Amino acid sequence: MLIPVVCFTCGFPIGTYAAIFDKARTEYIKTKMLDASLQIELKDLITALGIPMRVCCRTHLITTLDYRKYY
Amino acid sequence: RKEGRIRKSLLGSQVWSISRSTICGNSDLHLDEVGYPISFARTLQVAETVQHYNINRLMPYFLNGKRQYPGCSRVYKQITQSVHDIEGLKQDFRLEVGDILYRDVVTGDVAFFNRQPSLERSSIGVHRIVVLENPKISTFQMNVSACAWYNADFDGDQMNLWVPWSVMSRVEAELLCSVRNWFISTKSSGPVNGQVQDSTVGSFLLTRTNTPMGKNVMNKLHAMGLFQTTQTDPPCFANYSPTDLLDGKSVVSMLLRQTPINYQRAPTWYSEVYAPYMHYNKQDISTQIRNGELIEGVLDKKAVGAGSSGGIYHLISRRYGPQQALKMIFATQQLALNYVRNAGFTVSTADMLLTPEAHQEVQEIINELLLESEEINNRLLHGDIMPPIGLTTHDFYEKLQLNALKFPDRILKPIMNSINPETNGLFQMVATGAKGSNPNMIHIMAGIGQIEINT
Amino acid sequence: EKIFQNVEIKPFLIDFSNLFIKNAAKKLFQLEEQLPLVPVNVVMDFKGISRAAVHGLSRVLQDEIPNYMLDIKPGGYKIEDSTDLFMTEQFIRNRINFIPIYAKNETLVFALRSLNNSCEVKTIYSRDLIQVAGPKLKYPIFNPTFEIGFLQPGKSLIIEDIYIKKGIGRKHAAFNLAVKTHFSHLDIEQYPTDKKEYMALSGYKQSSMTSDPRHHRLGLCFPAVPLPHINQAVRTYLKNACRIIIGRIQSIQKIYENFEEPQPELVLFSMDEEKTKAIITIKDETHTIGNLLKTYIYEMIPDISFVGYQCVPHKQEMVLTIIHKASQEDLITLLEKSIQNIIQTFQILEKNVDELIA
Amino acid sequence: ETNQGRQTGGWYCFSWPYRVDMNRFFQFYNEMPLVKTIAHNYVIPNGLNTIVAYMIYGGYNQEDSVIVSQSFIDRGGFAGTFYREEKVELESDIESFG
Amino acid sequence: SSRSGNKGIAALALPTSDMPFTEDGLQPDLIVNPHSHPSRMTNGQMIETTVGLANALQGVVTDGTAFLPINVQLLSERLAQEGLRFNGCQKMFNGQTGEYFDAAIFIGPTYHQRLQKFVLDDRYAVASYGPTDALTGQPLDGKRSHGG
RNA sequence: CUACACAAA
Ligand SMILES: [Mg+2]
Ligand SMILES: [Zn+2]
């Protein structure tokens, strides 16, 4: 229902920056302007968050659905 | 009707003391072994009549009761003619000759394994029970090579398993219905089991002469480690120094020396459709085993494949018995898997991608096919299509178009020019007989061609 | 000598020069500096040590060193009547169990008494995990930025017995410590795998079936260590892993020393041509110990007839088989000295850990 | 896939806590596919972006088997709540609950 | 199952130390046999893995809708531009032994679905006693009737 | 128990 506390694959704690990432991503998408928002590159944002260049961690960070955005 | 008295109640039956669960794979189980979850082993019971010769062995089961495994669930009293649950049997604490103890299923018990629909004689086979003491496992685990008996796979298949509790049924399950008796098909008179998928390509990789790294050799430690999980008596490596290099054929012969056989056949790896391309190593394209020594050649579907008549397991069964063949299938499967534990095998999206030159060549082949089809159409426009007697012009035109749009056998040239046979996982799966066919590769990489429905 | 050579410790840090990151952290956490606990990436170079030992150290640091997690005691989750129906016990317990904590005291107990009196959905954060027992925390054991959950309007979430539980990662992944970052061999040459003729290969110029690398670079990330005491935490982790391996090896040393007494976990045979077979079965033993034992027995006995182990995923045990042209006493002496070499190797590793991190 | 895409676990209902449903599975964590399709503009995606290694690993994934990470299971990968219901009527004044 | 229709039953669960890992520490959640592909022709899953490898590095979510233009050569070149190999393959090490595979292994994010077929629901075991039919005297039918 | 529906191999 939220971004997981740790990455499902390797256990890196992406949940430390889950909330900061969500709100910073909403902000960064807003200045960059449903599908065109998803194609905005978040490499720099996630790197500035401190998360490493790990396929699993960025995958689970950017793809996890937020229940609050749907309910 | 199918659900009437005769067909439902008389010709079939609902039975007690039977279990059903999803089946998954377990590489460490023998072909005649089935993995039984411990929860099911404490549900199904074996009726052991207490006598003087077995009272000491049955005592731990009685003392454990339903609290610890292995235990028991009921005791039939001879002088009472009444069964008593063990939980309520605190005041008995005495096993008499003629008492029947219902104990839990333990490792080594025989069990009937069945998959529906039961079409073959091997659809019900007897496996040795291996109880999986992990409580998190609730599947019926079996070796992937045992799947050929039941036409099973691990995509959701469920299988019935019941443990014989009667002495007569247990005797006959062990002596008559054991899966060693179904190693040779009653239908085709040939072998049923063998290496499948990972083990076929693993046998090929292990026994191939050359790898991209050079000669297919391993040091003494890795040659030893190939035999770690073989679960038989390991060979001797005392004459090998750590610096020594052993071929894959050497370790395969060290395994095959226990049951020496003579085998001489070309492998599935060597095909004439790939011969114009590739560079077939001379030592790879002629498999020869002399008294258990793999002299040369790769081991693949023709030699170790499941249902391969004249293969090495068929010869082992003919000379030493089907149980020895099952043990050798397990041992060779372990060798292949332990080899791929270091070699590694994969398939990638780049494994099925043509080079731009090969793409242009495939385009040219397809364009020539469409050109022949357009020539037939031009002939139809001019009225030059003259059907033979008994054929209409429409049917003759359809036959001409069907033949014109057939892919030539040279469609493999662009495919194989883009493929490295030494490193292509998809090609190696196809060519070794592990999985896939030449039409599969052509459809994936070159083109589907003409869709035919009812010819 | 110095087996554990140069170490590079680099914490993962939030880059506040990014305007969006800084704005979000400020607005919803009032956070302008780095968090109290940061992930630390430790890259270690090892020279003159078998790959079995380096990988055993890595495996232990991943999921065999004892670790601490937050768990809820049975009955800690208060059902009540105004509790959120979407924040189930299982979901919240999964969130809490995987919060990385750097806890020096097991006595600490936390509670989560959250209530949403607003008209909107309120998010519960780790900053709402209030300590209710144990000594007052001079430093936080977890970051306050995790989203434990969200409360529907008018709903609550009360959890009363969030305590600290110890365990190892192979039993439950919430005790996993170190995530893998890098592993390579520095004494094996590598191909330029950017070319089409090498992209299907690993890159190493030697087949793993023949190579014996002794110079390795191992990179492991630790998920939450305090910002000021980074080197101390890393040193403690490394020394604890070395001690864990040494203790597990001594558990088998005792078995060898008790060989005259027929213990069930070691059996010996007298097969044939002066050869004796030693089979050592140890329940709940992993590939770390089996591979270490096999590698060092092989190094001691290069002419061994056979040495090998198997950790079947079921049967939950390690079975190590040694066949050697020697007497039972001779084989036991050789195995004992190989175990002593393993212990010496990991003692040197601990010592070098101390000299390096400092 | 059309068949399997409809038995996939996920957020089977958004109002699940107010429903007494039987044989219904609510999977906690859902992800948008890294490579999404237009179907996810109109329906919620059910599943996760698992890292998948296409490889032979001990022969435990043959014939449609899959080797899973125990840690991925422990962290909540495809974890959820299964729900059953027990509805029992009172018939008439003869029967009562106690 | 994947979105390409490749069903699978979870056969083995391995701890984090037993699972294979790439040189940069990436390890899978699932290990899928390559033999599931060649006969089933589920190239869409393979292409989706190749695309998602670069999507994860770029931090994007792209459209893989059917019949949209696709160029697998350009997707592989995109992988190369992202800093990976032309194929998505990487140097992998065996988690149990620590020894690298001689072959680079194709590993990447493939969207997977958990089909609602639970072994705990499907498994059944009955003992020698239970409810029987009144007419035939045979056991009742199946798990629902608590005997069969 | 008799339909019927949804599913699995
Ligand atoms: Mg099937
Ligand atoms: Zn990760």
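Conventions and cut-offs
- Residues numbered from 1 in each chain as written, not as in the entry; some residues may be left out.
- Chains lettered and ligands numbered in written order.
- Part of a larger assembly, values for the part shown.
- Heavy atoms only, no water.
- Helix = DSSP H or I, 4+ residues; strand = E, 2+ residues; numbered from the N terminus.
- Contact = heavy atoms within 4.5 Å.
- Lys, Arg positive; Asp, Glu negative; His and termini not counted.
- Charge placed at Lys NZ, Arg CZ, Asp CG, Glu CD.
- Pairing = 2+ DSSP bridges.
- Axes fitted to C-alpha atoms, helices over the stretch in contact; angles between N-to-C directions.
- Donors = N, O, S within 2.8 Å, 3.2 Å for Na, K, Ca; no water.
- Tetrahedral: all angles 85-135°; square planar, octahedral: opposite > 155°, others 65-115°.
- Buried < 20%, exposed > 50% of the residue type's maximum accessible area, 1.4 Å probe, protein only.
- Salt bridge = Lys/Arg side-chain N within 4 Å of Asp/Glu carboxyl O.
- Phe/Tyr/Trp six-rings, centres within 6.5 Å; stacked < 30°, edge-to-face > 60°.
- Polar contact = N/O pair within 3.5 Å; in protein donor to acceptor, adjacent residues only side chain to side chain.
- 1 Å grid on protein atoms, 1.4 Å probe; cavity = no way out; pocket = protein on both sides within 12 Å on 5 of 7 lines; lining within 4 Å.
- Points joined across faces, edges and corners; volume = space filled by probe spheres on them.
- Nonpolar A, V, L, I, M, F, W, Y, C, P; charged D, E, K, R; others polar.
- Core = buried A, V, L, I, M, F, W, Y, C linked by side-chain atoms within 4.5 Å.
- Patch = residues over 30% accessible without salt bridge, like charges linked within 9 Å, V, L, I, M, F, W, Y side chains within 5 Å.
- Areas by Shrake-Rupley, 256 points an atom, 1.4 Å probe, with all protein chains shown as cover.
- Left-handed = near helix turned anticlockwise from the far one by under 90°.
- Near = heavy atom within 4 Å.

- In its metadata, the entry names cryo-EM as the structure determination method and reports 2.6 Å as the resolution.

## Some remarks on the overall build of chain C
Alright, step 1. When helices and strands are tallied, chain C shows six helices and 14 strands.
Alright, step 2. Dimensions of chain C along its principal axes, counting C-alpha atoms only, are 85 × 50 × 40 Å.
Alright, step 3. Sequence separation of at least 24 residues holds for 78% of the intrachain contacts in chain C that already meet a minimum separation of 6.
Alright, step 4. Averaging the coordinates of the 42 positive side-chain charges in chain C and doing the same for the 42 negative ones gives two points 6 Å apart.

## Some points on the sheet that holds strand 9 (residues 179-185) of chain C
Residues and elements named next belong to chain C.
Alright, step 1. In spatial order, the strands read 1-2-10-9; together these four strands make up an open sheet with antiparallel pairing. Across the chains shown, the open sheet's two edge strands, defined by having one partner strand only, are strand 1 (4-11) and strand 9. Pairs of neighbouring strands in the sheet enclose a mean axial angle of 20 degrees, with direction left out of account.
Alright, step 2. Here strand 2 (residues 37-46) pairs with strand 10 (residues 216-226) via nine bridges, running antiparallel. The residue of strand 10 that forms the bridge with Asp45 is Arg217.
Alright, step 3. Sheet strands in contact with helix 2 (residues 51-63) are strand 2, strand 9 and strand 10, and its direction is about 15 degrees off that of strand 10.
Alright, step 4. The sheet strands contacting helix 6 (residues 328-357) are strand 1 and strand 2, and the helix crosses strand 1 at an angle near 55 degrees.

## Re the arrangement of the chains
Alright, step 1. Counting contacts across all nine pairs of chains found in contact, the highest total belongs to chains D and E.
Alright, step 2. With no contact between them, chain A and chain B keep their nearest C-alpha atoms 17 Å apart.

## Quick notes on the coordination of the zinc ion (ligand 2)
All names here are of chain A.
Alright, step 1. Looking at the metal site, the zinc ion (ligand 2) is ligated by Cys7 (SG), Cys10 (SG), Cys56 (SG) and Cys57 (SG), spaced 2.3 Å from it.
Alright, step 2. The coordination sphere of the zinc ion (ligand 2) comprises four donor atoms, whose angles at the metal cover 102 to 115 degrees; the geometry is tetrahedral. Residue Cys7 shares its accessibility class with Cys56, and that shared class is buried.

## Some words on the pattern of salt bridges
Two side chains with opposite charge may pair up if their charged atoms get near one another.
Alright, step 1. Going through the model one piece at a time under the given rule, you end up with 47 salt bridges over all chains.
Alright, step 2. Between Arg67 of chain B and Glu87 of chain B there is a salt bridge, with its nearest N and O atoms 3.8 Å apart. Of the two residues, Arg67 of chain B sits in the loop between helix 3 (55-64) and strand 4 (72-77) while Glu87 of chain B sits in the loop between strand 5 (82-85) and strand 6 (100-104), which places them 20 residues apart along the sequence.
Alright, step 3. A relative accessible area of 53% places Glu87 of chain B in the exposed class.
Alright, step 4. Taking the shortest distance from any N to any O, the salt bridge between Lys351 of chain C and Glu355 of chain C comes out at 3.8 Å. In this pair, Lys351 of chain C and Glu355 of chain C are both assigned in helix 6, four residues apart and thus about one turn of the helix distant.
Alright, step 5. The exposure class of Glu355 of chain C is partly exposed, given its relative accessible area of 45%.
Alright, step 6. In the salt-bridge network here, residues are joined through shared partners; they are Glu48, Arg57, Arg103, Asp109 and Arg170 of chain B.

## Overview of the sheet that holds strand 4 (residues 109-115) of chain C
To summarise the sheet geometry, strands pair through backbone hydrogen bonds and adopt either a parallel or an antiparallel arrangement.
Residues and elements named next belong to chain C.
Alright, step 1. Pairing is antiparallel in the open sheet, where four strands are placed in the order 3-8-4-6. Only two strands of the sheet have a single partner each, and these edge strands are strand 3 (67-72) and strand 6 (130-133). On average, each strand axis in the sheet is inclined to that of its neighbour by 35 degrees, with strand direction left out of account.

## A short note on the packing of aromatic side chains
Alright, step 1. By the definition in use, this model includes 51 aromatic pairs over all chains.
Alright, step 2. Geometrically, the ring pair formed by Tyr204 of chain C and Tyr100 of chain E is tilted, given 4.5 Å between the ring centres and 50 degrees between the ring planes. Taken together, the residues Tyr204 of chain C in the loop between strand 9 and strand 10 and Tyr100 of chain E in the loop between strand 6 (92-93) and strand 7 (105-112) connect one chain to another. Of the two residues examined, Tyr204 of chain C and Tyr100 of chain E, each falls in the buried class.

## Thoughts on the coordination of the magnesium ion (ligand 1)
Residue and element names in this part refer to chain B.
Alright, step 1. At 1.9 to 2.0 Å from the magnesium ion (ligand 1) lie its protein donor atoms, namely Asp153 (OD), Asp155 (OD) and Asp157 (OD).
Alright, step 2. Mapping the donors of the magnesium ion (ligand 1) onto the primary sequence gives the spacing D-x1-D-x1-D.
Alright, step 3. Judged by its relative accessible area of 25%, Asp155 is partly exposed.
Alright, step 4. Assessed through its relative accessible area of 11%, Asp157 is described here as buried.

## A few points about the interface of chain A and chain E
Much of the literature gives interface size as the accessible area that the parts lose upon coming together.
Alright, step 1. Tallying the contact residues gives 18 residues for chain A and 16 residues for chain E.
Alright, step 2. Linking chain A with chain E are one salt bridge.
Alright, step 3. Notably, a salt bridge pairs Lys43 of chain A with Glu82 of chain E, separated by 3.0 Å at the nearest N-O pair.
Alright, step 4. Where chain A touches chain E, the interface holds eight residue pairs in polar contact.
Alright, step 5. Among the elements that take part in the side of chain A that touches chain E, helix 3 (residues 55-63) of chain A stands out by supplying seven residues, more than any other.

## A word on empty space enclosed by the protein
Alright, step 1. Put simply, the largest cavity is a space of about 250 Å³.
Alright, step 2. Together, 26 residues line the largest cavity, and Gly11 of chain A together with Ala173, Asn176, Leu177 and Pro223 of chain C are the ones closest to its centre.
Alright, step 3. Elements with a minimum of two residues in the lining of the largest cavity: strand 3, strand 9 and strand 10 of chain C.
Alright, step 4. The residue makeup of the lining of the largest cavity, split by class, is 15 nonpolar, eight polar and three charged.

## A look at the nonpolar core
Alright, step 1. Judged by nonpolar contacts, the single largest core of 313 residues is most densely connected at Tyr36 of chain B together with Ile322 of chain C.
Alright, step 2. By residue number, the principal contributor to this core is helix 4 (residues 230-257) of chain C, which donates 13 residues.
Alright, step 3. If we ignore the near neighbours within four places in the chain, the residues touching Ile322 of chain C are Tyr256, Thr276, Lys277, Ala278, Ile280, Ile297, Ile304, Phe306, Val307, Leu331 and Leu335 of chain C.
Alright, step 4. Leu353 of chain B, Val35 of chain D together with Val51 and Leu75 of chain E belong to the second-largest nonpolar core, a separate cluster that totals nine residues.

## Describing a nonpolar patch on the surface
Alright, step 1. Taken together, the side chains of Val167, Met168, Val171, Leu175 and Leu176 of chain B make up a nonpolar region of the molecular surface, amounting to roughly 540 Å² of accessible area.
Alright, step 2. Looking at where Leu176 of chain B falls in the secondary structure, it is placed in the loop between helix 5 (167-175) and helix 6 (198-207).

## Description of the packing of helix 10 (residues 312-320) of chain B against helix 11 (residues 322-343) of chain B
All names here are of chain B.
Alright, step 1. Following both chains from N to C, one finds helix 10 and helix 11 inclined at 145 degrees, their axes separated by 7 Å at the closest point. Relative to helix 11, helix 10 is oriented so that their crossing is right-handed. Judged by residue contacts, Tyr313, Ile316, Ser317 and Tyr320 of helix 10 engage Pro322, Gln324, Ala325, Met328, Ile329 and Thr332 from helix 11.
Alright, step 2. Here the contact of helix 10 with helix 11 is built from residues that sort into seven nonpolar, three polar and no charged.

## Side note on the protein's contact with RNA strand F
Alright, step 1. The environment of RNA strand F is formed by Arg115, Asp153, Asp155, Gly156 and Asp157 of chain B, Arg6 and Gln7 of chain D together with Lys7 and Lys117 of chain E.
Alright, step 2. Within the contact set of RNA strand F, a sugar or linking oxygen lies 2.7 Å away from a side-chain nitrogen or oxygen of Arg115 of chain B.
Alright, step 3. Residue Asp157 of chain B places a side-chain N or O atom 2.8 Å away from a sugar or linking oxygen belonging to RNA strand F.
Alright, step 4. Considering only residue class, the surface near RNA strand F consists of no nonpolar, two polar and seven charged.

## Examining the side chain of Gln45 of chain E
Alright, step 1. Looking at the secondary structure, you find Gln45 of chain E in helix 1 (residues 43-58).
Alright, step 2. Of note is the side chain of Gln45 of chain E, whose polar atom sits 2.8 Å from the side chain of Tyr54 of chain D.
Alright, step 3. With near-sequence residues (within four places) excluded, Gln45 of chain E lies in contact with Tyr54 of chain D together with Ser2, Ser4, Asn6, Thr110 and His112 of chain E.

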